[PDB]
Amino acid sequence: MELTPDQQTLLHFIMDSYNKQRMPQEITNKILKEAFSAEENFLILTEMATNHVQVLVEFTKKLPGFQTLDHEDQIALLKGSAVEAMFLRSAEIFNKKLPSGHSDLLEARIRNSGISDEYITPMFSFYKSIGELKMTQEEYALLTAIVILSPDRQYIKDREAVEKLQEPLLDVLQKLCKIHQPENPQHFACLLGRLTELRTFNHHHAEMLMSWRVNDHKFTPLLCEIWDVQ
């Protein structure tokens, strides 16, 4: 049931890399402090997402065996997972405990950010669903690593090589679910289930951004590569 020394090593290594991300408080403090216009909010999103992608590439490069993979497959994994990892990180930030009334203001500020109503409902549905899972930081880190090392991504030439890298992370996550939540034996299945709902955010991500109540949708050259916009 317990983690082996090799698994404990893997977990702490993944945790240290995951911890290099912009702190959730640095994000919520800005949104909660002042109400910004839809124009200012689009620029905040774009800057946030550019920092997220940069840190995500550095996290991905540290994943055991990632640099042994074929160069084209490395690109396909990063490009295939960037949007999903972004929404998983936003779901983590959204569900962090804040003082009484702060989370309600946060949801209200995100609701009036400039995004269309059509996309608000499924976004908060996912955020609430992941929040009900009461995930630990280790679970978010491993789940992000599992999302990145998905062998079923399009344009992957060597799926087996990706499978070999994802399998020990899946084993570690399963053990943690059994340790953190022995009451809920469905917890691991629930986590893996939430990964299919993450995939739905891919199909209409570009439409989500273009529907923003702003005159000009300016993206950085890095976001254009990752989001297929402009």
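If you superpose the two forms and keep the largest set of C-alpha atoms that fall within 1.5 Å, you have the rigid core. Don't overthink the numbering: it's just position in the shown sequence, from 1.
- After superposing on the rigid core, the larger RMS C-alpha deviation in 9 other deposited structures of this protein belongs to 27-35, the other candidate being whichever of 27-35 and 171-179 remains.
- Between 200-208 and 183-191, greater CA displacement relative to the shown form is found for 200-208 when the structures in 9 other deposited structures of this protein are fitted on the core.
- Annotation for 76-84 versus 91-99: the higher mean temperature factor (C-alpha) is found in 91-99.
- In this entry, 24-32 shows the higher mean Cα temperature factor of the pair 24-32 and 165-173.
- Listed residues 41, 181, 50, 60 were ranked by CA B-factor as deposited; 181 comes out on top.
- For residue 224, the recorded CA temperature factor ranks within the middle third of the chain's modelled residues.
- When all modelled residues of the chain are sorted by CA temperature factor, residue 129 is found within the middle third.
- In the PDB entry, residue 189 places in the middle third of its chain by CA B-factor.
- In the deposited entry, the Cα temperature factor of residue 67 sits in the middle third of values across the chain's modelled residues.
- In this PDB entry, the Cα temperature factor of residue 214 sits in the top third of its chain's modelled residues, the highest group.
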